[PDB]
Structures are given as C-alpha cells and as structure tokens.
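As stored in my_file-v8.pdb (PDB, C-alpha atoms and all ligand atoms):
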```
ATOM      1  CA  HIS A   1      13.676 -20.134  30.190
ATOM      2  CA  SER A   2      11.743 -20.103  26.911
ATOM      3  CA  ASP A   3       8.855 -18.549  28.820
ATOM      4  CA  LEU A   4      10.880 -15.475  29.795
ATOM      5  CA  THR A   5      12.683 -15.461  26.442
ATOM      6  CA  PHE A   6       9.406 -14.778  24.651
ATOM      7  CA  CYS A   7       8.519 -12.060  27.154
ATOM      8  CA  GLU A   8      11.640 -10.274  26.008
ATOM      9  CA  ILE A   9      10.646 -10.739  22.381
ATOM     10  CA  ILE A  10       7.180  -9.281  22.828
ATOM     11  CA  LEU A  11       8.225  -6.432  25.166
ATOM     12  CA  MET A  12      10.869  -5.377  22.600
ATOM     13  CA  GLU A  13       8.261  -5.590  19.863
ATOM     14  CA  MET A  14       5.847  -3.457  21.900
ATOM     15  CA  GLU A  15       8.538  -0.903  22.793
ATOM     16  CA  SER A  16       9.349  -0.395  19.112
ATOM     17  CA  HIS A  17       5.728  -0.403  17.913
ATOM     18  CA  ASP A  18       4.435   2.676  16.049
ATOM     19  CA  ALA A  19       1.485   2.896  18.492
ATOM     20  CA  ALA A  20       3.642   2.503  21.622
ATOM     21  CA  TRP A  21       4.289   6.189  22.346
ATOM     22  CA  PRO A  22       1.710   6.550  25.175
ATOM     23  CA  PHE A  23       3.044   3.540  27.082
ATOM     24  CA  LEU A  24       6.830   3.855  26.946
ATOM     25  CA  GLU A  25       7.102   5.832  30.200
ATOM     26  CA  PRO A  26       5.054   6.203  33.419
ATOM     27  CA  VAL A  27       2.219   8.689  33.064
ATOM     28  CA  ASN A  28       3.189  12.014  34.633
ATOM     29  CA  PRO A  29       0.293  12.879  36.963
ATOM     30  CA  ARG A  30       1.481  16.498  37.141
ATOM     31  CA  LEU A  31       0.724  16.759  33.432
ATOM     32  CA  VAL A  32      -2.343  14.540  33.279
ATOM     33  CA  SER A  33      -5.211  15.895  35.348
ATOM     34  CA  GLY A  34      -7.176  13.299  37.272
ATOM     35  CA  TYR A  35      -4.798  10.454  36.477
ATOM     36  CA  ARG A  36      -3.695   9.900  40.100
ATOM     37  CA  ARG A  37      -7.286   9.709  41.387
ATOM     38  CA  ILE A  38      -8.630   7.427  38.630
ATOM     39  CA  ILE A  39      -5.822   4.884  38.031
ATOM     40  CA  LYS A  40      -4.913   2.881  41.127
ATOM     41  CA  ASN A  41      -2.104   0.733  39.705
ATOM     42  CA  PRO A  42      -0.193   2.571  36.978
ATOM     43  CA  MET A  43       1.919   0.475  34.613
ATOM     44  CA  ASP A  44       4.072   1.042  31.520
ATOM     45  CA  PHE A  45       6.601  -0.644  29.246
ATOM     46  CA  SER A  46       9.699   0.862  30.912
ATOM     47  CA  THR A  47       8.499  -0.356  34.305
ATOM     48  CA  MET A  48       7.945  -3.832  32.834
ATOM     49  CA  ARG A  49      11.393  -3.636  31.226
ATOM     50  CA  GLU A  50      13.094  -2.737  34.506
ATOM     51  CA  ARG A  51      11.436  -5.654  36.288
ATOM     52  CA  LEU A  52      12.115  -8.085  33.434
ATOM     53  CA  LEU A  53      15.797  -7.122  33.321
ATOM     54  CA  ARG A  54      16.112  -7.391  37.089
ATOM     55  CA  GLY A  55      14.611 -10.889  36.879
ATOM     56  CA  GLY A  56      11.489  -9.960  38.823
ATOM     57  CA  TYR A  57       9.006 -12.049  36.814
ATOM     58  CA  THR A  58       8.353 -15.562  38.095
ATOM     59  CA  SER A  59       6.187 -16.712  35.193
ATOM     60  CA  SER A  60       5.097 -15.535  31.767
ATOM     61  CA  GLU A  61       1.664 -15.108  33.421
ATOM     62  CA  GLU A  62       2.845 -12.344  35.765
ATOM     63  CA  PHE A  63       4.268 -10.572  32.744
ATOM     64  CA  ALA A  64       0.989 -10.824  30.870
ATOM     65  CA  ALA A  65      -0.856  -9.286  33.819
ATOM     66  CA  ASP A  66       1.322  -6.168  33.708
ATOM     67  CA  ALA A  67       0.825  -5.911  29.947
ATOM     68  CA  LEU A  68      -2.963  -6.219  30.301
ATOM     69  CA  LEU A  69      -2.908  -3.704  33.147
ATOM     70  CA  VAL A  70      -1.338  -1.174  30.768
ATOM     71  CA  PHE A  71      -4.330  -1.516  28.414
ATOM     72  CA  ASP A  72      -6.995  -1.803  31.145
ATOM     73  CA  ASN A  73      -5.633   1.479  32.587
ATOM     74  CA  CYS A  74      -5.686   2.951  29.111
ATOM     75  CA  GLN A  75      -9.345   2.083  28.571
ATOM     76  CA  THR A  76     -10.344   3.285  32.043
ATOM     77  CA  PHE A  77      -8.727   6.693  31.638
ATOM     78  CA  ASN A  78      -9.111   7.418  27.932
ATOM     79  CA  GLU A  79     -12.044   7.644  25.543
ATOM     80  CA  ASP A  80     -11.949   4.940  22.859
ATOM     81  CA  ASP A  81     -11.860   7.632  20.152
ATOM     82  CA  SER A  82      -9.129   9.658  21.913
ATOM     83  CA  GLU A  83      -5.640   9.633  20.386
ATOM     84  CA  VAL A  84      -4.257   7.662  23.355
ATOM     85  CA  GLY A  85      -7.261   5.330  23.391
ATOM     86  CA  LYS A  86      -6.810   4.542  19.693
ATOM     87  CA  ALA A  87      -3.131   3.768  20.240
ATOM     88  CA  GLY A  88      -4.013   1.549  23.201
ATOM     89  CA  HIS A  89      -6.531  -0.476  21.211
ATOM     90  CA  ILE A  90      -3.881  -1.111  18.529
ATOM     91  CA  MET A  91      -1.357  -2.017  21.218
ATOM     92  CA  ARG A  92      -3.826  -4.195  23.148
ATOM     93  CA  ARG A  93      -4.798  -6.175  20.027
ATOM     94  CA  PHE A  94      -1.135  -6.449  19.026
ATOM     95  CA  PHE A  95      -0.184  -7.907  22.451
ATOM     96  CA  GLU A  96      -3.004 -10.454  22.601
ATOM     97  CA  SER A  97      -2.258 -11.496  19.014
ATOM     98  CA  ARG A  98       1.514 -11.994  19.551
ATOM     99  CA  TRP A  99       1.035 -13.685  22.912
ATOM    100  CA  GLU A 100      -1.466 -16.238  21.646
ATOM    101  CA  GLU A 101       0.317 -17.381  18.482
ATOM    102  CA  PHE A 102       2.979 -18.772  20.875
ATOM    103  CA  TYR A 103       0.988 -20.023  23.856
TER     104      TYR A 103
HETATM  105  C1  LIG A 201       3.453  10.215  26.111
HETATM  106  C2  LIG A 201       2.297  10.967  26.708
HETATM  107  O1  LIG A 201       1.232  10.057  26.843
HETATM  108  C3  LIG A 201       0.131  10.578  27.524
HETATM  109  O2  LIG A 201       0.017  11.779  27.565
HETATM  110  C4  LIG A 201      -0.862   9.640  28.193
HETATM  111  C5  LIG A 201      -0.474   8.190  28.322
HETATM  112  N1  LIG A 201      -1.382   7.242  28.962
HETATM  113  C6  LIG A 201      -0.998   5.883  29.076
HETATM  114  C7  LIG A 201      -2.670   7.685  29.495
HETATM  115  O3  LIG A 201      -3.412   6.886  30.028
HETATM  116  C8  LIG A 201      -3.072   9.132  29.377
HETATM  117  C9  LIG A 201      -2.162  10.100  28.729
HETATM  118 CL1  LIG A 201      -2.655  11.773  28.604
END
```
Would you write out, as structure tokens, the structure that this file holds?
Ligand SMILES: CCOC(=O)c1cn(C)c(=O)cc1Cl
Amino acid sequence: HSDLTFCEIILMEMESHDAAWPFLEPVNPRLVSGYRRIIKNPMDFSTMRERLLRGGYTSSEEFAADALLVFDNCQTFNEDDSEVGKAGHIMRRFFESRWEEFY
C-alpha cells in the first residue's frame, strides 16, 4: 500500500510543478509535426493519473517506468536547449530526486 501511496504523492507533486506544463496532457500530434513518427510510446501525467486512479499499477516500478518514459520521450523529441527540453530536464531531475529519497 505504501508503495502506491508514494506514487500518488509524487504524481501530485509533478502535476503541480512549475515545469510540468509540457507533460500534463497527451501531446497533440496534429499540432506537433513529426511527433507521431518519432515517439513510439507516448506518455504523460494525465495518462499516468488515469491508470493510477483506476488501480492499474501493480508495483511502484511500473509507475516509475511510465514517469521515465515521459522524460525519455521528451529528450528524444526535443532539443536540450528548447523550452520543452529545459522543462523536461527540470522535471526529470525532480522525479529522480523525489523517488530516491524514499526508496
Ligand atoms: C503543452 C504543449 O506542450 C508541447 O507543445 C509539447 C510537449 N511535449 C511533451 C513534447 O514532447 C513536445 C511539445 Cl511541442
């Protein structure tokens, strides 16, 4: 239980983060040219929220994979000095930091 209880804590903390704005909702491929072709497994905080709420995470490890996928996607599609890339680096370092000072 404590495993999934922390997942809620961190997801909430990511959702409300200043740098979270690129990752709150699925990327809209109609608005982002090339996104469909380049990113095979899209992921975002609202998708993780839906699954978490509907109980669909077996372990804290499955949750971490989705979180890391968000930031791997970010780094694959965006330049590191792009506005989205900069936000993703802040978010990625925030996640790894929060996650580790518990596990
Ligand atoms: C809220 C709009 O965010 C974006 O436009 C965007 C988000 N992600 C996660 C990307 O990888 C690329 C863009 Cl353009």
>> Please expand the PyMOL selection byres (((chain A and resi 13) around 12) and not hetatm) into the concrete residues it hits in this file, giving the result as a PyMOL selection string.
In response: chain A and resi 6-12+14-20+24+45+49+91+94-95+98-99
> For the atom pair atom CA of residue A:62 and atom CA of residue A:5, what is the interatomic distance in Å to one decimal place?
Replying inline: 13.9 Å
>> At a cut-off of 6 Å and counting only C-alpha atoms and all ligand atoms, what residues surround ligand LIG 201 (chain A)? Please answer as a PyMOL selection string.
In response: chain A and resi 21-23+27+32+74+77
> Got a sec: who's within 8 Å of residue A:39, counting all atoms listed in the file, leaving out chain neighbours fewer than 3 positions off, as a PyMOL selection string?
Replying inline: chain A and resi 35-36+42+73+76-77
Just need the box for stretch 68-78 of chain A, edges along x, y and z, holding every atom the file lists for it with 5 Å tacked onto each side, so centre and edge lengths in Å to one decimal, as JSON.
```
{"center_x": -5.8, "center_y": 0.6, "center_z": 30.5, "size_x": 19.0, "size_y": 23.6, "size_z": 15.2}
```
>> Just the number, please: distance in Å from atom CA of residue A:65 to atom CA of residue A:29, one decimal.
In response: 22.4 Å
List the spatial neighbours of residue A:93 as a PDB file with C-alpha atoms, in the frame of the given file - criterion: any atom at most 12 Å away, only C-alpha atoms, same-chain residues fewer than 3 positions off excluded.
```pdb
ATOM      1  CA  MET A  14       5.847  -3.457  21.900  1.00  0.00           C
ATOM      2  CA  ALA A  19       1.485   2.896  18.492  1.00  0.00           C
ATOM      3  CA  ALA A  67       0.825  -5.911  29.947  1.00  0.00           C
ATOM      4  CA  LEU A  68      -2.963  -6.219  30.301  1.00  0.00           C
ATOM      5  CA  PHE A  71      -4.330  -1.516  28.414  1.00  0.00           C
ATOM      6  CA  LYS A  86      -6.810   4.542  19.693  1.00  0.00           C
ATOM      7  CA  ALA A  87      -3.131   3.768  20.240  1.00  0.00           C
ATOM      8  CA  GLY A  88      -4.013   1.549  23.201  1.00  0.00           C
ATOM      9  CA  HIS A  89      -6.531  -0.476  21.211  1.00  0.00           C
ATOM     10  CA  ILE A  90      -3.881  -1.111  18.529  1.00  0.00           C
ATOM     11  CA  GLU A  96      -3.004 -10.454  22.601  1.00  0.00           C
ATOM     12  CA  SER A  97      -2.258 -11.496  19.014  1.00  0.00           C
ATOM     13  CA  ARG A  98       1.514 -11.994  19.551  1.00  0.00           C
ATOM     14  CA  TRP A  99       1.035 -13.685  22.912  1.00  0.00           C
ATOM     15  CA  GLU A 100      -1.466 -16.238  21.646  1.00  0.00           C
TER      16      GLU A 100
END
```
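Coordinates place atom CA of residue A:44 at a distance of 22.9 Å from atom CA of residue A:101.
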> Hey, which of A:31, A:43, A:38, A:4 ends up closest to residue A:69? Count all atoms listed in the file.
Replying inline: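 Once distances to residue A:69 are computed over all atoms listed in the file, the minimum belongs to A:43.
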>> My list of candidates is A:1, A:70, A:103, A:26. Which is closest to residue A:55 when distances are computed with only C-alpha atoms?
In response: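 The answer is A:1, which sits nearest to residue A:55.
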>> Here is a test: counting all atoms listed in the file, which residue of A:41, A:33, A:46, A:54 is nearest to residue A:78?
In response: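 Result for the nearest residue to residue A:78: A:33.
When only C-alpha atoms are used to compute distances to residue A:52, the closest of the residues A:3, A:25, A:72, A:80 turns out to be A:3.
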